[PDB]
């Protein structure tokens, strides 16, 4: 459509692109040092990396709206799924897919087909149960949609490397007023 | 093959192909945006100014990440450059210092930042010290670099490219505006005397 | 009667294993303890003063290197730090057979199994590998080349 | 290779049926076997085998402070890889000649007592503190159980009694503890006394296991005061 | 034509001030903050006049010789103050969807709203690449990146 095509258009602009292997290795080194440092407290590394995600969730959306001059997102579901479907691909070149709604499409899921944060990680046998590898995305999406005044509530429910076959995030949208003076 | 247990096992007279997770490892290309990785680095440096006391311990607590993944990038960057895997050969290892700091100059920057650092100057007054200057550093271009403590990601990442190589090495960074290229950073590295003396046996 | 070792930089064995042919149906009874680390410890000595020189263009593979008074040893040096050693040989004969190219297609072939386990970012250096899958893979990767 | 050939020298001294009294170079031979390693290398099973050879030399040549020294260093620095097989059941017979000698002291493990309770026993109806986590002890019986981790038996606890505090001191302990488990203890029996009442804390108490009286074995992972 | 640029955060306070090419001053810092608080107070009430008692886009001339995005874009500022004009200067305002207000005051007169809108999307891009990605920058504080300041000082002479 308009938005779908200008995603591949606005991939080609001024600030250069670098290979995802560096970005994956940096993220793996951060999560390995934080898993080593808190003595295998996998619950605590989840919320620490969550706040690590949310503190650039506060600051991602200004670069997103500046580099992609985009209007207000009046529909709260279908515009949201198509903007996140192009809006990963502007930052980290991936195209997630969207299913698994509510009755009113409220707690919708976002299935990521392939994850560049862990291409090649086999997380260890003690770390099966109280850890998700990539909750920084749950930080940065909740920040990046709280700054457009949409009180989301993301959480992982399944991934690849905890054992399951699909990587998806369910999200409850509460509501919040006082945007600006338009 | 546990540390507690012995090297004990069983005979070869079966075939257990019950395997789970092994794939390709080739040079994929996905090329995320510099804003995303810049935000990753940004909140990492925010955590390190949160949790750490003063200058030098923060410098070490930055360079340890480079020591985590420098070994990892060394061995398959060499396994891609000097060599699934229907392998012809694996070529020569580090002969001396001047091929392995050519190997950062040849294909580490062009593995990372799609260009080449502009010089690999052997020093005038001494030989244990060496110096590489990047001209316009890519991952720290937004940080106002008057404190030069923010580029010790890459001093950590090259130290773990040489600690596996058998050259223990004091690696520092300074920044010096010698050209119309502004904010170019010099990585004046050192070595220890002993592998300099292992070089100093014969050269 | 074959004995694999991967021995690290500060003398630690990060992976060490034996297996046997069922035509032998056991391995080196009463010789399995002198053909262990001490012989391999001296093998670390000879690859320590054999790697750093050019000359005793294939710098990694080295083939058969030394010989105690019952058998003979082979070697391999990677630039990861690690020094792969296979110890082979039926205990009755002095086993001469160095295939030298098809077991060169083992050392560069077991190398990637070490690579992908090293790329596990939870996995550190200087700690051994209790992969239940990568040790079941290598004997079947040795089912390629006995 | 020098360590390989010196290991063959030591196994030549084991297999020799001729008899030897100690010659003052076996000092330096066993010292240089130990200091071709860095032990005071992370190949631990090599250390198990080379200390077993050093212990068998020091038996056959009878240098009793060295079988004391190197077997105490074998038991302390190792034995997660020593179950009741690989000669640990057929070991500790090798160090009762150390302890029937004057050789080793102190009972190497500084992790013995798992916890401390001085739980009570009610006798009368209203003979209690009716008007005044401290204890303010009521005249009765204590119980302080321990663990062993070394899976040998026969660690006969004797004379478990308290530290340099008041006449609240334990009486007798004439039974042993078990091979493996965290064994419950039988009758410490404090003989407590009314003194002045200011707060006096314990940390632990002295224990002797067929041996010299130690100091307070500080309890695990915590004060557990 | 523009000689001073401010930026405003969303909670009604000044962030940055540079009196670029006027080079005689009488204003110190907190009087500019008095201007920032009063324009936030004006922009509060400057929607609900509703004098009607009941699609508009900006355009692309390529200001600032590339540009960033060569398209007639939208704008979020559908009801509120946009520009002012007096006999000694004129002033401009651009808001974000987030809430940052982006002042530009020009001494001379310089489609005239649209060129000074097309300038102000560029500096909001330049704000959100050069001091948004800065670990010295704690949130809603002043801007102490000198790297920001010459890179907008270059764009004053990339205007006139």
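Every residue, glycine among them, receives a Cβ derived from its backbone with ideal geometry; neighbour counts consider all protein chains shown. Derivation of every value follows stated rules applied to the coordinates shown; laboratory data play no part.
Quick look at the numbers
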| quantity | calculated |
| --- | --- |
| Residue B:156, sole failed condition from (1) more than 14 Å from the chain's Cα centre (by Cα); (2) within 27 Å of residue B:33 (Cβ to Cβ) | (1) |
| Any chance residue E:16 is within 23 Å of residue A:67 (Cβ to Cβ) and not in a loop (DSSP other than H, G, I, E, B) | yes |
| Residues of the range B:124-144 satisfying the condition of being touching a strand residue (DSSP E or B) at 6+ places or on another chain (Cβ under 9 Å) and buried (at least 19 other Cβ atoms within 10 Å of the Cβ) | B:130, B:132, B:133, B:134, B:137, B:139, B:140 |
| Residue satisfying all of: in the range C:30-51; assigned to a loop (DSSP other than H, G, I, E, B) and surrounded by 15 or more Cβ atoms within 10 Å (Cβ to Cβ); farthest from the other protein chains (Cβ to nearest Cβ) among these | C:35 |
| Unmet criterion (only one of (1) facing another protein chain (nearest Cβ under 7 Å); (2) buried (at least 20 other Cβ atoms within 10 Å of the Cβ)) for residue A:72 | (2) |
| Residue identified as under 18 Å from the mean Cα position of the chain (by Cα), within 9 Å of another protein chain (Cβ to nearest Cβ) and surrounded by 19 or more Cβ atoms within 10 Å (Cβ to Cβ) among A:50, A:27, A:54 | A:27 |
| Residues (facing another protein chain (nearest Cβ under 9 Å) and in a loop (DSSP other than H, G, I, E, B)) located in the range B:127-158 | B:138, B:139, B:141, B:142, B:143, B:144, B:145, B:146, B:147 |
| Residue list for the range B:74-91, restricted to those being facing another protein chain (nearest Cβ under 7 Å) and more than 16 Å from residue C:104 (Cα to Cα) | B:75, B:76, B:78 |
| Within the range A:124-144, tally of residues that are part of a loop (DSSP other than H, G, I, E, B) and buried (at least 21 other Cβ atoms within 10 Å of the Cβ) | 5 |
| Helices (runs of 4 or more DSSP H) wholly inside the range D:1-103 that include at least 2 residues being under 24 Å from the mean Cα position of the chain (by Cα) and surrounded by 13 or more Cβ atoms within 10 Å (Cβ to Cβ) | D:44-61, D:64-77, D:96-99 |
| Filter result (surrounded by 12 or more Cβ atoms within 10 Å (Cβ to Cβ) and at the interface with chain A (Cβ under 8 Å from one of its Cβ atoms)) within the range B:22-39 | B:25, B:28, B:30, B:31, B:32, B:33, B:34, B:35, B:36, B:37, B:39 |
| The range A:84-96, subset crowded, with 17+ Cβ neighbours inside 10 Å and in a helix (DSSP H, G or I), residue nearest to the other protein chains (Cβ to nearest Cβ) | A:91 |
| Members of the range C:1-29 that are touching a strand residue (DSSP E or B) at 6+ places or on another chain (Cβ under 7 Å), within 9 Å of chain B (Cβ to nearest Cβ) and part of a loop (DSSP other than H, G, I, E, B) | C:27 |
| Test set (1) over 24 Å from residue E:137 (Cβ atoms); (2) within 14 Å of chain C (Cβ to nearest Cβ) - residue A:9 fails condition number | (2) |
| Matching residues in the range A:97-131 - criterion: being touching a strand residue (DSSP E or B) at 6+ places or on another chain (Cβ under 8 Å) and within 14 Å of chain B (Cβ to nearest Cβ) | A:112, A:113, A:115, A:116 |
| Filter pass, residue B:124 being under 27 Å from residue B:28 (Cβ atoms) and either assigned to a loop (DSSP other than H, G, I, E, B) or within 14 Å of chain C (Cβ to nearest Cβ) (or both) | no |
| Test result for residue B:182, within 14 Å of chain E (Cβ to nearest Cβ) and over 23 Å from residue B:56 (Cα atoms) | yes |
| Residue count for the range C:118-146, restricted to those that are touching a helix residue (DSSP H, G or I) at 6+ places or on another chain (Cβ under 8 Å), assigned to a loop (DSSP other than H, G, I, E, B) and over 21 Å from residue A:125 (Cβ atoms) | 3 |
| Top-ranked residue of the range B:179-200 - restricted to ones that are within 16 Å of residue B:123 (Cα to Cα) and part of a loop (DSSP other than H, G, I, E, B), ranked as farthest from the chain's Cα centre (by Cα) | B:192 |
| Positions within the range C:63-117 being part of a helix (DSSP H, G or I) and closer than 21 Å to residue C:44 by Cα, in sequence order | C:104, C:106, C:107, C:108, C:110, C:111, C:114 |
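Rundown of residues vs (1) on the phi < 0 side of the Ramachandran plot; (2) not in a loop (DSSP other than H, G, I, E, B), yes/no style:
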position	(1), (2)
D:131	yes, no
D:136	no, no
D:139	yes, no
D:149	yes, no
D:153	yes, no
D:160	yes, yes
D:163	yes, no
D:166	yes, no
D:171	yes, no
